[PDB]
Each structure stands twice: as C-alpha cells, then as structure tokens.
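Here is structure.pdb, consisting of PDB, C-alpha atoms and all ligand atoms:
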ATOM      1  CA  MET B   1      23.402  14.765  -8.357
ATOM      2  CA  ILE B   2      21.308  11.856  -7.143
ATOM      3  CA  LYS B   3      18.089  13.543  -6.047
ATOM      4  CA  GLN B   4      15.600  12.726  -3.312
ATOM      5  CA  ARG B   5      12.465  10.962  -4.470
ATOM      6  CA  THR B   6       8.787  11.209  -3.579
ATOM      7  CA  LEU B   7       5.482  10.269  -5.215
ATOM      8  CA  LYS B   8       3.932  12.249  -8.078
ATOM      9  CA  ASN B   9       0.351  11.581  -6.997
ATOM     10  CA  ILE B  10      -1.784  10.365  -4.122
ATOM     11  CA  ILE B  11      -2.696   6.687  -4.442
ATOM     12  CA  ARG B  12      -4.994   4.424  -2.402
ATOM     13  CA  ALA B  13      -5.678   0.779  -1.612
ATOM     14  CA  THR B  14      -7.691  -1.285   0.835
ATOM     15  CA  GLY B  15      -7.018  -4.543   2.608
ATOM     16  CA  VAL B  16      -7.089  -6.360   5.928
ATOM     17  CA  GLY B  17      -4.584  -6.488   8.769
ATOM     18  CA  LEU B  18      -2.865  -9.865   9.058
ATOM     19  CA  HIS B  19      -2.873  -9.820  12.857
ATOM     20  CA  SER B  20      -6.099  -7.926  13.501
ATOM     21  CA  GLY B  21      -8.278  -9.070  10.604
ATOM     22  CA  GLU B  22      -9.535  -5.480  10.488
ATOM     23  CA  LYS B  23     -10.374  -3.801   7.166
ATOM     24  CA  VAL B  24      -8.068  -0.831   6.640
ATOM     25  CA  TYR B  25      -7.807   2.043   4.165
ATOM     26  CA  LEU B  26      -4.289   2.873   2.995
ATOM     27  CA  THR B  27      -3.213   6.137   1.359
ATOM     28  CA  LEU B  28       0.237   7.006   0.007
ATOM     29  CA  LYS B  29       0.991  10.707  -0.500
ATOM     30  CA  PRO B  30       3.849  12.919  -1.737
ATOM     31  CA  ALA B  31       5.916  14.628   0.969
ATOM     32  CA  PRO B  32       8.449  17.485   1.023
ATOM     33  CA  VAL B  33      12.231  17.085   0.992
ATOM     34  CA  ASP B  34      13.743  15.633   4.186
ATOM     35  CA  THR B  35      10.376  14.433   5.506
ATOM     36  CA  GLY B  36      11.216  10.752   5.358
ATOM     37  CA  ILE B  37       8.352   8.278   5.583
ATOM     38  CA  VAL B  38       5.692   9.319   8.079
ATOM     39  CA  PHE B  39       2.689   7.226   9.101
ATOM     40  CA  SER B  40      -0.578   8.897  10.133
ATOM     41  CA  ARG B  41      -3.489   7.315  11.990
ATOM     42  CA  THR B  42      -6.255   9.362  10.388
ATOM     43  CA  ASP B  43      -8.994   7.498  12.252
ATOM     44  CA  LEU B  44      -7.883   9.039  15.541
ATOM     45  CA  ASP B  45      -8.892  12.424  16.955
ATOM     46  CA  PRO B  46      -6.561  14.150  16.928
ATOM     47  CA  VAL B  47      -4.683  12.466  14.091
ATOM     48  CA  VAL B  48      -1.460  10.872  15.341
ATOM     49  CA  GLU B  49       1.720  10.923  13.245
ATOM     50  CA  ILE B  50       4.584   8.463  13.707
ATOM     51  CA  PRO B  51       7.825   8.924  11.750
ATOM     52  CA  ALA B  52       9.164   5.670  10.324
ATOM     53  CA  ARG B  53      12.401   5.697  12.328
ATOM     54  CA  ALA B  54      14.261   3.029  14.306
ATOM     55  CA  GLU B  55      13.739   4.807  17.632
ATOM     56  CA  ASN B  56       9.953   4.534  17.270
ATOM     57  CA  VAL B  57       9.846   0.743  17.003
ATOM     58  CA  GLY B  58       8.083  -0.972  19.896
ATOM     59  CA  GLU B  59       8.463  -4.440  21.381
ATOM     60  CA  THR B  60       6.152  -6.996  19.768
ATOM     61  CA  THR B  61       6.306 -10.746  19.183
ATOM     62  CA  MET B  62       5.454 -10.528  15.478
ATOM     63  CA  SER B  63       6.133  -7.881  12.794
ATOM     64  CA  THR B  64       7.739  -4.449  13.097
ATOM     65  CA  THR B  65       5.466  -2.051  14.960
ATOM     66  CA  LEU B  66       5.835   1.719  15.256
ATOM     67  CA  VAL B  67       4.605   3.229  18.515
ATOM     68  CA  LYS B  68       3.881   6.643  19.986
ATOM     69  CA  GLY B  69       2.372   6.414  23.450
ATOM     70  CA  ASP B  70      -0.608   4.063  23.273
ATOM     71  CA  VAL B  71      -0.909   4.487  19.506
ATOM     72  CA  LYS B  72       0.559   1.861  17.184
ATOM     73  CA  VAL B  73       1.034   1.120  13.506
ATOM     74  CA  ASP B  74       1.640  -2.598  13.086
ATOM     75  CA  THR B  75       3.274  -4.560  10.267
ATOM     76  CA  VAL B  76       5.167  -1.778   8.501
ATOM     77  CA  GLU B  77       7.930  -3.983   7.084
ATOM     78  CA  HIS B  78       6.551  -4.982   3.658
ATOM     79  CA  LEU B  79       5.406  -1.483   2.725
ATOM     80  CA  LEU B  80       8.729  -0.071   3.912
ATOM     81  CA  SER B  81      10.584  -2.727   1.912
ATOM     82  CA  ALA B  82       8.858  -1.448  -1.225
ATOM     83  CA  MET B  83       9.691   2.162  -0.328
ATOM     84  CA  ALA B  84      13.328   1.198   0.181
ATOM     85  CA  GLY B  85      13.485  -0.872  -3.004
ATOM     86  CA  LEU B  86      12.163   1.977  -5.155
ATOM     87  CA  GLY B  87      14.267   4.578  -3.354
ATOM     88  CA  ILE B  88      11.396   6.658  -2.006
ATOM     89  CA  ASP B  89      12.804   9.182   0.459
ATOM     90  CA  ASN B  90       9.700  11.128   1.341
ATOM     91  CA  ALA B  91       6.088  10.054   1.688
ATOM     92  CA  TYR B  92       3.059  10.268   3.936
ATOM     93  CA  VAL B  93       1.228   7.044   4.699
ATOM     94  CA  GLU B  94      -2.302   7.420   6.023
ATOM     95  CA  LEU B  95      -4.048   4.498   7.740
ATOM     96  CA  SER B  96      -7.598   4.135   9.049
ATOM     97  CA  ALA B  97      -6.531   1.447  11.531
ATOM     98  CA  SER B  98      -3.583   0.215  13.601
ATOM     99  CA  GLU B  99      -2.127  -2.166  10.995
ATOM    100  CA  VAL B 100      -0.881  -1.856   7.405
ATOM    101  CA  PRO B 101      -2.976  -4.142   5.186
ATOM    102  CA  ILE B 102      -1.258  -7.453   4.464
ATOM    103  CA  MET B 103      -2.364  -7.527   0.806
ATOM    104  CA  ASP B 104      -0.831 -10.679  -0.760
ATOM    105  CA  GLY B 105       1.787 -11.080   1.964
ATOM    106  CA  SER B 106       4.597  -9.633  -0.176
ATOM    107  CA  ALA B 107       5.892  -6.182  -1.117
ATOM    108  CA  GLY B 108       4.528  -6.560  -4.650
ATOM    109  CA  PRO B 109       1.250  -4.701  -4.095
ATOM    110  CA  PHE B 110       3.121  -1.779  -2.532
ATOM    111  CA  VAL B 111       5.617  -1.662  -5.399
ATOM    112  CA  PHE B 112       2.613  -1.539  -7.745
ATOM    113  CA  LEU B 113       1.009   1.281  -5.757
ATOM    114  CA  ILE B 114       4.203   3.338  -5.634
ATOM    115  CA  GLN B 115       4.898   2.875  -9.345
ATOM    116  CA  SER B 116       1.299   3.803 -10.128
ATOM    117  CA  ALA B 117       1.541   6.988  -8.066
ATOM    118  CA  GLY B 118       4.511   7.976 -10.203
ATOM    119  CA  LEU B 119       8.048   8.876  -9.178
ATOM    120  CA  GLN B 120       8.885  12.532  -8.522
ATOM    121  CA  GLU B 121      12.482  13.720  -8.258
ATOM    122  CA  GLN B 122      13.012  16.579  -5.816
ATOM    123  CA  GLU B 123      15.527  19.419  -5.772
ATOM    124  CA  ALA B 124      17.730  18.116  -2.972
ATOM    125  CA  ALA B 125      20.578  15.633  -2.723
ATOM    126  CA  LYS B 126      19.590  12.126  -1.652
ATOM    127  CA  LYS B 127      21.360  11.112   1.560
ATOM    128  CA  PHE B 128      22.886   7.671   2.044
ATOM    129  CA  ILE B 129      24.146   5.978   5.194
ATOM    130  CA  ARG B 130      27.476   4.308   4.471
ATOM    131  CA  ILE B 131      28.697   1.531   6.772
ATOM    132  CA  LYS B 132      32.316   2.274   7.756
ATOM    133  CA  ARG B 133      32.899  -0.516  10.278
ATOM    134  CA  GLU B 134      31.297  -3.903  10.811
ATOM    135  CA  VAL B 135      28.690  -3.942  13.576
ATOM    136  CA  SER B 136      26.849  -7.002  14.868
ATOM    137  CA  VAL B 137      24.230  -8.061  17.390
ATOM    138  CA  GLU B 138      23.245 -11.527  18.589
ATOM    139  CA  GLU B 139      20.560 -13.362  20.528
ATOM    140  CA  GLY B 140      21.220 -17.052  21.071
ATOM    141  CA  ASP B 141      22.184 -18.483  17.684
ATOM    142  CA  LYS B 142      20.559 -15.555  15.872
ATOM    143  CA  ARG B 143      22.852 -12.921  14.367
ATOM    144  CA  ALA B 144      22.445  -9.680  12.409
ATOM    145  CA  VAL B 145      25.384  -7.794  10.910
ATOM    146  CA  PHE B 146      26.198  -4.618   8.987
ATOM    147  CA  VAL B 147      29.358  -5.028   6.887
ATOM    148  CA  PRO B 148      31.089  -2.338   4.814
ATOM    149  CA  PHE B 149      30.306  -2.787   1.115
ATOM    150  CA  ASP B 150      30.765  -0.496  -1.875
ATOM    151  CA  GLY B 151      27.153  -0.877  -2.984
ATOM    152  CA  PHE B 152      24.009  -2.378  -1.490
ATOM    153  CA  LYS B 153      23.840  -6.069  -0.661
ATOM    154  CA  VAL B 154      21.538  -8.154   1.522
ATOM    155  CA  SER B 155      22.441 -11.685   2.585
ATOM    156  CA  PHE B 156      20.374 -14.062   4.679
ATOM    157  CA  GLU B 157      20.453 -17.628   5.951
ATOM    158  CA  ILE B 158      17.603 -19.484   7.604
ATOM    159  CA  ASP B 159      18.212 -22.810   9.345
ATOM    160  CA  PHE B 160      15.015 -24.849   9.584
ATOM    161  CA  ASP B 161      15.482 -28.564  10.225
ATOM    162  CA  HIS B 162      11.871 -29.515   9.495
ATOM    163  CA  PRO B 163      11.459 -32.020   6.619
ATOM    164  CA  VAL B 164       9.625 -29.450   4.461
ATOM    165  CA  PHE B 165      12.839 -27.385   4.364
ATOM    166  CA  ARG B 166      15.245 -30.256   3.740
ATOM    167  CA  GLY B 167      17.220 -29.760   0.549
ATOM    168  CA  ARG B 168      16.024 -26.163   0.142
ATOM    169  CA  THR B 169      18.720 -23.530  -0.350
ATOM    170  CA  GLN B 170      17.806 -21.566   2.808
ATOM    171  CA  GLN B 171      20.376 -18.934   1.860
ATOM    172  CA  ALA B 172      20.709 -16.032  -0.547
ATOM    173  CA  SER B 173      23.097 -13.125  -1.079
ATOM    174  CA  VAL B 174      21.651 -10.363  -3.232
ATOM    175  CA  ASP B 175      23.911  -7.712  -4.767
ATOM    176  CA  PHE B 176      21.580  -5.028  -6.110
ATOM    177  CA  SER B 177      24.148  -4.086  -8.750
ATOM    178  CA  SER B 178      22.730  -6.945 -10.814
ATOM    179  CA  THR B 179      19.539  -8.025  -9.054
ATOM    180  CA  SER B 180      16.190  -6.295  -9.485
ATOM    181  CA  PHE B 181      14.443  -5.690  -6.161
ATOM    182  CA  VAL B 182      11.144  -5.433  -8.021
ATOM    183  CA  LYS B 183      11.372  -8.550 -10.172
ATOM    184  CA  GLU B 184      13.432 -10.839  -7.933
ATOM    185  CA  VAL B 185      12.655  -9.916  -4.307
ATOM    186  CA  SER B 186       9.467  -7.886  -3.928
ATOM    187  CA  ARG B 187       6.975 -10.650  -4.731
ATOM    188  CA  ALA B 188       8.198 -13.081  -2.064
ATOM    189  CA  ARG B 189       5.263 -13.852   0.226
ATOM    190  CA  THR B 190       5.357 -14.102   3.982
ATOM    191  CA  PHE B 191       5.216 -17.606   5.409
ATOM    192  CA  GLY B 192       4.471 -19.473   8.587
ATOM    193  CA  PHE B 193       4.460 -22.923  10.108
ATOM    194  CA  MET B 194       1.037 -24.487  10.548
ATOM    195  CA  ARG B 195       1.572 -25.231  14.246
ATOM    196  CA  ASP B 196       2.619 -21.631  14.883
ATOM    197  CA  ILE B 197      -0.304 -20.181  12.938
ATOM    198  CA  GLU B 198      -2.625 -22.482  14.886
ATOM    199  CA  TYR B 199      -1.193 -21.072  18.110
ATOM    200  CA  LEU B 200      -1.770 -17.508  16.932
ATOM    201  CA  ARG B 201      -5.332 -18.282  15.853
ATOM    202  CA  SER B 202      -6.095 -20.012  19.182
ATOM    203  CA  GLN B 203      -5.332 -16.686  20.865
ATOM    204  CA  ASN B 204      -7.627 -14.852  18.454
ATOM    205  CA  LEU B 205      -4.596 -13.609  16.501
ATOM    206  CA  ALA B 206      -3.628 -13.866  12.805
ATOM    207  CA  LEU B 207      -7.298 -13.127  12.111
ATOM    208  CA  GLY B 208      -6.550 -11.693   8.669
ATOM    209  CA  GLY B 209      -4.469 -14.670   7.599
ATOM    210  CA  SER B 210      -5.708 -16.723   4.666
ATOM    211  CA  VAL B 211      -4.468 -18.839   1.770
ATOM    212  CA  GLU B 212      -4.426 -15.603  -0.241
ATOM    213  CA  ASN B 213      -1.801 -13.788   1.836
ATOM    214  CA  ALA B 214       0.643 -16.317   3.274
ATOM    215  CA  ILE B 215       2.525 -19.479   2.432
ATOM    216  CA  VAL B 216       1.662 -22.143   4.996
ATOM    217  CA  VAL B 217       3.850 -25.186   5.552
ATOM    218  CA  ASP B 218       3.397 -28.099   7.929
ATOM    219  CA  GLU B 219       6.329 -30.219   9.121
ATOM    220  CA  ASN B 220       6.603 -31.949   5.743
ATOM    221  CA  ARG B 221       5.094 -30.004   2.843
ATOM    222  CA  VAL B 222       4.026 -26.667   1.424
ATOM    223  CA  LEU B 223       0.238 -26.518   1.758
ATOM    224  CA  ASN B 224      -0.386 -23.788  -0.837
ATOM    225  CA  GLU B 225      -1.500 -25.628  -3.981
ATOM    226  CA  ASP B 226       0.156 -23.338  -6.543
ATOM    227  CA  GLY B 227       3.668 -23.691  -5.137
ATOM    228  CA  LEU B 228       6.243 -20.905  -5.065
ATOM    229  CA  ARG B 229       6.781 -17.620  -6.922
ATOM    230  CA  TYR B 230      10.556 -17.990  -6.556
ATOM    231  CA  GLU B 231      12.449 -21.258  -6.104
ATOM    232  CA  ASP B 232      13.913 -19.808  -2.889
ATOM    233  CA  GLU B 233      10.880 -17.762  -1.869
ATOM    234  CA  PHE B 234      11.300 -18.329   1.884
ATOM    235  CA  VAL B 235      14.756 -16.802   2.281
ATOM    236  CA  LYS B 236      13.846 -14.139  -0.265
ATOM    237  CA  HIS B 237      11.012 -13.063   1.996
ATOM    238  CA  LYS B 238      13.448 -12.787   4.911
ATOM    239  CA  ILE B 239      15.547 -10.511   2.700
ATOM    240  CA  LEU B 240      12.419  -8.476   1.889
ATOM    241  CA  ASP B 241      11.716  -8.181   5.643
ATOM    242  CA  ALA B 242      15.294  -7.059   6.332
ATOM    243  CA  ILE B 243      15.200  -4.376   3.622
ATOM    244  CA  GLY B 244      12.001  -2.974   5.129
ATOM    245  CA  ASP B 245      13.317  -3.026   8.668
ATOM    246  CA  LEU B 246      16.611  -1.459   7.574
ATOM    247  CA  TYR B 247      14.772   1.455   5.972
ATOM    248  CA  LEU B 248      13.898   2.618   9.481
ATOM    249  CA  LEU B 249      17.422   4.063   9.447
ATOM    250  CA  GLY B 250      15.743   6.817   7.450
ATOM    251  CA  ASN B 251      18.044   6.638   4.434
ATOM    252  CA  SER B 252      19.248   4.228   1.763
ATOM    253  CA  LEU B 253      22.217   2.085   2.751
ATOM    254  CA  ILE B 254      25.664   1.780   1.226
ATOM    255  CA  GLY B 255      26.768  -1.461   2.816
ATOM    256  CA  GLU B 256      25.844  -5.097   3.347
ATOM    257  CA  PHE B 257      23.387  -6.662   5.758
ATOM    258  CA  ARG B 258      23.992 -10.260   6.804
ATOM    259  CA  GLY B 259      21.233 -12.055   8.664
ATOM    260  CA  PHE B 260      21.438 -15.456  10.327
ATOM    261  CA  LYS B 261      18.057 -16.680  11.595
ATOM    262  CA  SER B 262      17.388 -13.026  12.388
ATOM    263  CA  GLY B 263      14.016 -11.329  12.795
ATOM    264  CA  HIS B 264      12.434  -7.928  13.342
ATOM    265  CA  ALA B 265      13.570  -7.548  16.945
ATOM    266  CA  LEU B 266      17.209  -8.297  16.172
ATOM    267  CA  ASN B 267      17.057  -6.172  13.016
ATOM    268  CA  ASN B 268      15.877  -3.213  15.104
ATOM    269  CA  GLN B 269      18.533  -3.880  17.747
ATOM    270  CA  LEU B 270      21.123  -3.766  14.964
ATOM    271  CA  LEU B 271      19.819  -0.398  13.785
ATOM    272  CA  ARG B 272      19.843   1.166  17.252
ATOM    273  CA  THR B 273      23.301  -0.276  17.896
ATOM    274  CA  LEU B 274      24.670   1.100  14.625
ATOM    275  CA  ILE B 275      23.065   4.537  15.072
ATOM    276  CA  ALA B 276      24.601   4.912  18.536
ATOM    277  CA  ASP B 277      28.164   4.461  17.268
ATOM    278  CA  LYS B 278      29.125   7.407  15.067
ATOM    279  CA  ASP B 279      32.485   5.808  14.156
ATOM    280  CA  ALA B 280      30.703   3.019  12.315
ATOM    281  CA  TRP B 281      28.770   5.061   9.735
ATOM    282  CA  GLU B 282      28.610   8.334   7.828
ATOM    283  CA  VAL B 283      26.098  10.225   5.700
ATOM    284  CA  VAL B 284      27.101  10.735   2.078
ATOM    285  CA  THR B 285      25.665  12.347  -1.044
ATOM    286  CA  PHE B 286      26.591  12.043  -4.711
ATOM    287  CA  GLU B 287      26.917  15.156  -6.860
ATOM    288  CA  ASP B 288      27.810  12.863  -9.755
ATOM    289  CA  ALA B 289      25.495   9.855 -10.075
ATOM    290  CA  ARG B 290      28.068   8.072 -12.244
ATOM    291  CA  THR B 291      30.456   7.882  -9.279
ATOM    292  CA  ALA B 292      27.857   6.191  -7.069
ATOM    293  CA  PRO B 293      28.031   2.464  -6.168
ATOM    294  CA  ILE B 294      24.227   2.311  -6.319
ATOM    295  CA  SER B 295      21.512   3.490  -8.709
ATOM    296  CA  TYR B 296      17.742   3.958  -8.482
TER
HETATM  297  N1  LIG R   1      -7.478 -21.313   5.497
HETATM  298  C1  LIG R   1      -6.411 -20.516   6.074
HETATM  299  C2  LIG R   1      -5.180 -20.443   5.417
HETATM  300  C3  LIG R   1      -4.146 -19.676   5.980
HETATM  301  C4  LIG R   1      -4.363 -18.976   7.193
HETATM  302  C5  LIG R   1      -3.243 -18.208   7.704
HETATM  303  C6  LIG R   1      -2.306 -17.595   8.112
HETATM  304  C7  LIG R   1      -1.123 -16.870   8.597
HETATM  305  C8  LIG R   1      -0.112 -16.289   8.982
HETATM  306  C9  LIG R   1       1.113 -15.585   9.413
HETATM  307  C10 LIG R   1       1.311 -15.017  10.680
HETATM  308  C11 LIG R   1       2.549 -14.388  10.958
HETATM  309  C12 LIG R   1       3.566 -14.359   9.948
HETATM  310  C13 LIG R   1       4.877 -13.680  10.204
HETATM  311  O1  LIG R   1       5.012 -12.868  11.123
HETATM  312  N2  LIG R   1       5.958 -13.949   9.249
HETATM  313  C14 LIG R   1       7.224 -13.233   9.339
HETATM  314  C15 LIG R   1       7.029 -11.995   8.505
HETATM  315  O2  LIG R   1       7.008 -12.076   7.279
HETATM  316  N3  LIG R   1       7.144 -10.717   9.108
HETATM  317  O3  LIG R   1       7.142  -9.633   8.307
HETATM  318  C16 LIG R   1       8.370 -14.050   8.823
HETATM  319  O4  LIG R   1       9.520 -13.315   8.753
HETATM  320  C17 LIG R   1       8.552 -15.270   9.649
HETATM  321  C18 LIG R   1       8.959 -15.172  11.028
HETATM  322  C19 LIG R   1       9.157 -16.346  11.779
HETATM  323  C20 LIG R   1       8.967 -17.633  11.181
HETATM  324  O5  LIG R   1       9.172 -18.787  11.937
HETATM  325  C21 LIG R   1       8.569 -17.736   9.817
HETATM  326  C22 LIG R   1       8.365 -16.552   9.054
HETATM  327  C23 LIG R   1       3.367 -14.935   8.696
HETATM  328  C24 LIG R   1       2.132 -15.563   8.426
HETATM  329  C25 LIG R   1      -5.595 -19.052   7.864
HETATM  330  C26 LIG R   1      -6.620 -19.817   7.299
HETATM  331 ZN    ZN R   2      10.139 -30.081  12.782
HETATM  332 ZN    ZN R   3       7.502 -10.356   6.225
END
What would you get if you wrote out this structure as structure tokens?
Ligand SMILES: Nc1ccc(C#CC#Cc2ccc(C(=O)N[C@H](C(=O)NO)[C@@H](O)c3ccc(O)cc3)cc2)cc1
Ligand SMILES: [Zn+2]
Ligand SMILES: [Zn+2]
Amino acid sequence: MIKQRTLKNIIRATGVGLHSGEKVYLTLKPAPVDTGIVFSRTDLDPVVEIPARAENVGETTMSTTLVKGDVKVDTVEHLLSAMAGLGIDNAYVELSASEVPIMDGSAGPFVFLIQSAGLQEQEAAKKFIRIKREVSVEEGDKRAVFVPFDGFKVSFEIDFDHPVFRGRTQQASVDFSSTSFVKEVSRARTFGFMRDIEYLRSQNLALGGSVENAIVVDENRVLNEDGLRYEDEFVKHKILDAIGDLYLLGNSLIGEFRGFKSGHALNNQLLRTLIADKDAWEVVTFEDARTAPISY
C-alpha cells in the first residue's frame, strides 16, 4: 500500500516574517498517523495549536493565514507547498511568532528542511481526495477550478499587461507524472510590483521584505540583478502558492487545479466550496502502489 508519511527527525530553522519583519524560530517535528499538519504557537501561554485545514483560514489581504480566535499563523502557503510536494501527511510545526519565516521567498528552503529531517513511512494507508466532478468559483475575472484528472496536475494563467510581463509565457500546466515538484517548482520565488510593495511599506507592512526574499519588478523591468531561477518563474510561483493552499484540504489530491488570476482568497473559497459538496469528491487509498496515478 501507499503509506502515510512523516518526518524521521526534528529539524529547525530561523528567519524573518515577510509581513511583520519579526525574527521567528521554526521547528518541524514528526507526528502520529492521521494528525495532518498542525501549527503550534509555542511563544504563547498556553500554547495554541491550529490544524492546517481549510476551515481555519481567516480573511487577510495578503498570504494564507490560519486563525483560532485572536491567534494567527500568517504566510503558511510556501511551507505547506513543500509539505504537499514531498507528500508529508503528518507533522507538527512550532513557531515562536505569528508568521512563518519567508526564507528566500520560495518553497526551496522548506523542501531542504524536510529532506534533511528524513522521510518516515508510517503503518497506515495514505488517503487521497479524488475530484469526481468539476467545481469552480469566481470573483470578477478571477477563476479557480477543480477538474477531474487521473493524476495530479496544476495549471495556472496570470494576465499582467504591464510592459515587464509583455512576451512572457504567463501560463503553465504541470503534470506531476513527469515534472519534479522539487527541481522544477519549489524554487520559484515570490514576487511583487514595486508600486504595491511601496504601498505596503508605507503602511509599515512588508517589513521583512528584501532583495534576498522576493523578486521585485517595476512597470518595465525585473529589478533583481541576477534574473530568474526559471524562465517562467512568476507563474511557477503561482503554482507553488496553489499547491500550498490546496494542501489545506488535509490530503493529497487526485485531480487538476486550474487557476486564472487566482489568489489565496479564491483558492480557499474553492476548497470550502468543494468540501461542502460530497458528490464532487471522494477519499481513496491504494493497497497496490502500482495501480496509483500518482507516486511519492
Ligand atoms: N531593498 C528592498 C528590496 C525588496 C524589498 C521588498 C519586498 C517585498 C514583498 C512582497 C510582499 C507581498 C508578496 C505577496 O504576497 N506575493 C504573493 C505570494 O507569493 N503569496 O504567497 C503572490 O502570489 C502575488 C500576489 C499578487 C501579486 O500582484 C503578485 C504576486 C510578495 C512580495 C524591500 C526592500
Ligand atoms: Zn502597468
Ligand atoms: Zn507565494
């Protein structure tokens, strides 16, 4: 059977929150079968735990934020993308502050941490959510869709008209049958438009942002001197973001996500909308890994 996966060892890193600029200690720990990913604010007394599930996502302008009462864990999407990409079912994530460290702006550092902790197979069948019927949500010209697919595929299109984006692909469709999440998706850095980052900074936000953790573009050019890690790094980061947000379903997906100018809010709306309709999905396991449309 395809087994559930956790970490072999506890592993740690430090960084700063992108939004808050606050130094934060991060700890990844093994967890028992059927735990899922659970965040813990260990700085608080008592310690507050928030399961990484769609229903616990709050309403914020930027990034995916988990909430329980007045307690938050901000910017969970890149770490969760790495967890999803490596097929980690169960883990505890301890944080000393209200935001996951931004690291280099990609999922790469979290992939590195997870790999370094080691991968531990557990004695229980891994559960998958299979999309049975197409479900969609929209807001203006933004659209997010789950489509049935015998495998795992993430497609995304952005639609920027600014000169800096002219001629760029702005679209990608990744079938993970033949694409490596680690090598071809995980290192895509977050990005922002200079005018928008200026606005955030004027409000004392984006305090942790720097040339070391984000690609900055103005209307006409990429400002980062070194260029891009992938030729289509921008849309690849949107795909990274979607994979992280989708992991709030609590299980790996058998299906396709299609995003059109979508973001964290719409991604979460899609999850809640899918979850509510039991005719549109089912939970499956694989007693024979060879008969599975995916592999970790
Ligand atoms: N010297 C110096 C140099 C640089 C800086 C800086 C900075 C910064 C920044 C920043 C802020 C917010 C985002 C952001 O939310 N990006 C989206 C994202 O990846 N979410 O996970 C992403 O999905 C997104 C969402 C909307 C959009 O229009 C573009 C990208 C990213 C980056 C300060 C000083
Ligand atoms: Zn423009
Ligand atoms: Zn992102």
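Minimum atom-to-atom distances from B:163, B:17, B:208, B:255 to ligand ZN 2 (chain R) were compared using all atoms listed in the file, and the lowest value belongs to B:163.
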- Using the chain letters and residue numbers of this document, give as a PyMOL selection string the residues selected by the PyMOL selection byres (((chain B and resi 217) around 12) and not hetatm). chain B and resi 160+162-165+190-198+211+214-216+218-225+227-228+234
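For residue 242 of chain B, the set of protein, DNA and RNA residues having any atom at most 10 Å away, when counting all atoms listed in the file and skipping those fewer than 3 positions along the same chain, is residues 77, 78, 80, 81, 144, 154, 155, 156, 236, 237, 238, 239, 245, 246, 247, 257, 258, 259, 262, 263, 264, 267 and 268 of chain B.
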Emit the selected residues as a compact mmCIF listing (two decimals), in the frame of the given file, including C-alpha atoms.
# COMPACT_ATOMS: atom_id res chain seq x y z
CA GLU B 77 7.93 -3.98 7.08
CA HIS B 78 6.55 -4.98 3.66
CA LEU B 80 8.73 -0.07 3.91
CA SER B 81 10.58 -2.73 1.91
CA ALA B 144 22.44 -9.68 12.41
CA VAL B 154 21.54 -8.15 1.52
CA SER B 155 22.44 -11.68 2.58
CA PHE B 156 20.37 -14.06 4.68
CA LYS B 236 13.85 -14.14 -0.26
CA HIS B 237 11.01 -13.06 2.00
CA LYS B 238 13.45 -12.79 4.91
CA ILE B 239 15.55 -10.51 2.70
CA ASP B 245 13.32 -3.03 8.67
CA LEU B 246 16.61 -1.46 7.57
CA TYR B 247 14.77 1.46 5.97
CA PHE B 257 23.39 -6.66 5.76
CA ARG B 258 23.99 -10.26 6.80
CA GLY B 259 21.23 -12.06 8.66
CA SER B 262 17.39 -13.03 12.39
CA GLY B 263 14.02 -11.33 12.80
CA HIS B 264 12.43 -7.93 13.34
CA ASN B 267 17.06 -6.17 13.02
CA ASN B 268 15.88 -3.21 15.10
- Option closest in space to ligand LIG 1 (chain R), from B:20, B:178, B:251, B:122 [counting only C-alpha atoms and all ligand atoms]: B:20
- atom CA of residue 132 of chain B sits from atom CA of residue 241 of chain B at a separation of 23.2 Å
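Closest approach to residue 212 of chain B from the set B:103, B:140, B:63, B:157 is made by B:103, with distances taken over all atoms listed in the file.
As for atom CA of residue 248 of chain B and atom CA of residue 229 of chain B, they are spaced 27.0 Å apart.
Among the candidates B:204, B:171, B:6, B:96, the one nearest to residue 119 of chain B when counting only C-alpha atoms is B:6.
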Kindly compute an axis-aligned box around the listed atoms of ligand LIG 1 (chain R), allowing 5 Å on each side, and express its centre and edge lengths in Å to one decimal as JSON.
{"center_x": 1.0, "center_y": -15.5, "center_z": 8.7, "size_x": 27.0, "size_y": 21.7, "size_z": 16.5}
- Task: Compare B:294, B:11, B:107, B:275 by their minimum atom-to-atom distance to ligand ZN 3 (chain R), counting all atoms listed in the file, and give me the closest one.
- Result: B:107
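Residue nearest residue 93 of chain B within the list B:118, B:51, B:69, B:250: B:51 [criterion: smallest interatomic distance, all atoms listed in the file].
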- Query: Rounded to one decimal in Å, what is the spacing between atom CA of residue 283 of chain B and atom CA of residue 127 of chain B?
  - Reply: 6.4 Å
- Do a neighbour search on segment 30-45 of chain B at 8 Å with only C-alpha atoms, toss out local chain neighbours closer than 6 positions, and write the hits as number ranges by chain. B: 4, 6-10, 51-52, 73, 89-98, 122-124, 250
- Task: Compute the distance from (11.2, 2.4, 17.5) to each atom, counting all atoms listed in the file, keep the residues with any atom at most 10 Å away, and return them as number ranges by chain; use the coordinates of the file.
- Result: B: 50-59, 64-68, 248, 268-269, 271-272
- Task: Report as a PyMOL selection string the full result of the PyMOL selection byres (((chain B and resi 16) around 9) and not hetatm) when it is applied to this structure.
- Result: chain B and resi 14-15+17-25+99-103+208-209
